[PDB]
Each structure stands twice: as structure tokens, then as C-alpha cells.
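Enquirer:
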Amino acid sequence: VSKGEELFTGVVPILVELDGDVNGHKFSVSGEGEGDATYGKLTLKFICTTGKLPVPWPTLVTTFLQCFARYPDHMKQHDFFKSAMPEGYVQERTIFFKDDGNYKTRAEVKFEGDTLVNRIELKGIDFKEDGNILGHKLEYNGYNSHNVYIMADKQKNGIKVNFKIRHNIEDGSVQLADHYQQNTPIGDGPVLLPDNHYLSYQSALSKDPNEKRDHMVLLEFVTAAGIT
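Here it is, written out as C-alpha cells:
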């Protein structure tokens with residue numbers, strides 16, 4: 001196994017800490033769980049520690068650990084995420100909500116000992132007061148996409164990722180969220196610059212029946228594909 005790959009052969013504990021500000025509405029979220037890349041499995045629970053989350057949990061699903072994706076053996080050489088570990092990488096995204104505002108996120112993903120940690124800062128601007136986001140008009144469910152596109156970015160020694168999410172609006176319509184992403188390694192060591200490929204997602208949202216705080220239980224299965 002590769003140096004980076006070896007860090008993911010078993011169950012890895014995860015910690016996520018996010019500070020956000022959407023149209024001046026400030027909030028913080030703490031998350032805990034575990035990743036089992038062998039099965040492309042993520043099991044997580046996020047808690048808003050500042051009170052009520054000012055945006056719908058579904059809009060934060062993509063922000064809330069691609070290093071846990073299951074890369075088929077024949078595609079191992081295209082797994083940028085694990086190759087950058089343990090020093091990690093910085094993930095940046097601009098998420099454009101159609102006919103509404105946008106989120107810009109900066110996440111530092113790396114190991115703190117044997118724990119995979121993600122420190123995230125989220126900034127949202129230009130949102131409409133009674134739009135689907137600030138007006139909480141989105142159904143509490145996930146989105147499953149087979150089109151999370153990955154390609155190399157030799158200029159930052161990393162990758163570029165793009166994909167679309169369609170959140171379900173309570174009236175039966177959909178709220179599009181266009182994602183543009185870039186990942187840059189934190190260390191100066193070699194990383195695997197991948198050939199074009201994609202990740203396939205299965206995402207499910209739920210609630211902890213005994214939890215009184217505003218929270219989200221998230222289960223995902225992530226698999227790389229596209230290179231035969």
C-alpha cells in the first residue's frame with residue numbers, strides 16, 4: 001500500500017468543525033463520526049452548537068471528506084485525496100444557488116494523529132430573505148449524484164472538481180446548487196494527479212431521536228468510477 005492509502009485501510013475516526021456566516025447569520029457546527037474507505041463509507045452526526053441552524057441542513061451536506072471514497076483497485080493511482088495524507092489538502096468551493104446567493108468554503112483536511120480532521124469556514128452572501136435557503140423551504144433529504152467530476156490542475160499541483168446538486172423544494176420543484184471546487188495539497192510532497200474520472204454518491208439524512216439540539220445524521224457511500 002501507498003503511504004497515504006495505508007492510513008485508510010481500516011475505520012478512521014473523524015472530527016469536523018465549521019464556522020459559518022450567511023448574510024450575517026453566524027453559526028458553528030461540530031461533527032463526529034467515522035470513515036471506512038474500504039467500503040466508501042461515511043457515518044456522521046453534526047450538531048449546531050450555537051443554536052438554530054440559519055440555513056437548511058441539506059445545503060451543507062456537500063460541505064460536510069472525499070478521502071474516504073472507495074477507489075477500485077484498478078483506479079488507485081487516481082486517488083488524489085489519500086495521496087496528500089497525512090499532511091492533507093485545502094478544499095475550496097463556490098456553491099451557486101440558482102436565483103439566490105452563494106456559499107464560499109475553505110476547508111483544511113488533514114490528520115491530527117490517527118484522527119481525520121476538517122476545519123471549515125463558510126461564507127454566504129447575496130441570499131434572499133424569503134428564498135429557499137434563508138426561508139427554509141427545502142425538504143430534509145439528500146441528493147444522489149453519479150456526476151461528481153474530477154480532473155487534474157497541474158498549476159496548483161492538485162485537482163478541480165465540479166458537480167450539480169438539486170435540492171427538493173417543498174412545493175415539488177428543485178433548487179439547483181452548482182458546485183465549483185479546487186483542492187491543493189498542504190505539504191510539498193508528491194501527490195497523485197488523476198486522469199479525468201468521477202465519484203458516485205449515495206446520501207441519506209436522518210435524525211437522532213434523542214437529540215434536542217439542531218442536528219443532522221448523515222450516511223454516505225462514495226465510489227470512484229470512470230476509468231476501466
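According to PDB author numbering, the residues represented by the sequence shown are 1 to 64, 68 to 231, in order. All C-beta atoms in this analysis are idealised placements derived from N, C-alpha and C, irrespective of residue type, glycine included.
1. At a cut-off of 7 Å, would you count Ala-72 as near the ligand GDP, judging by its Cβ distance to the nearest heavy atom?
2. When we look at the beta-carbon of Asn-199 and count the other beta-carbons within 10 Å, is it buried (16 or more) or exposed?
3. By a C-beta neighbour count over all protein chains shown, 10 Å radius and 16 as the cutoff for buried, is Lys-3 buried or exposed?
4. Can you tell which of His-149, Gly-116, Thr-108, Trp-57 has the C-alpha that lies nearest to the C-alpha of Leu-125?
5. Please go through the same chain and pick out, in chain order, the residues whose beta-carbon is closer than 8 Å to the beta-carbon of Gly-190, but skip the five residues on each side of it.
6. Quick check: what's the CA-CA separation for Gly-127 versus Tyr-106?
7. On a Cα-Cα basis, can you pick out the residue from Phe-8, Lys-159, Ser-206 that is closest to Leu-222?
8. Since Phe-64 and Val-16 should fall inside the 8 Å C-beta cutoff, what is the C-beta to C-beta distance between them, to a whole number of angstroms?
9. What would DSSP say about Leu-137, mapped onto helix, strand or coil?
10. What number of angstroms, rounded off, separates the C-alpha of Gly-116 from the C-alpha of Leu-7?
Expert: Taking the structure as given:
1. Looking for the ligand GDP in the displayed structure turns up nothing, as the structure carries no ligands at all.
2. When all chains shown are included, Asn-199 counts as exposed.
3. Classification of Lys-3: exposed, given that the 10 Å Cβ count is below 16.
4. Checking every option, the nearest Cα to that of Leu-125 belongs to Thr-108.
5. Only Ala-87, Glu-90, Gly-91 meet the Cβ criterion.
6. Cα to Cα, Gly-127 sits roughly 4 Å from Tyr-106.
7. Looking at the Cα atoms, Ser-206 is the closest of the given residues.
8. About 6 Å; that satisfies the 8 Å criterion.
9. Correct three-state label for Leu-137: coil.
10. In a straight line, the C-alpha of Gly-116 is about 11 Å away from that of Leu-7.
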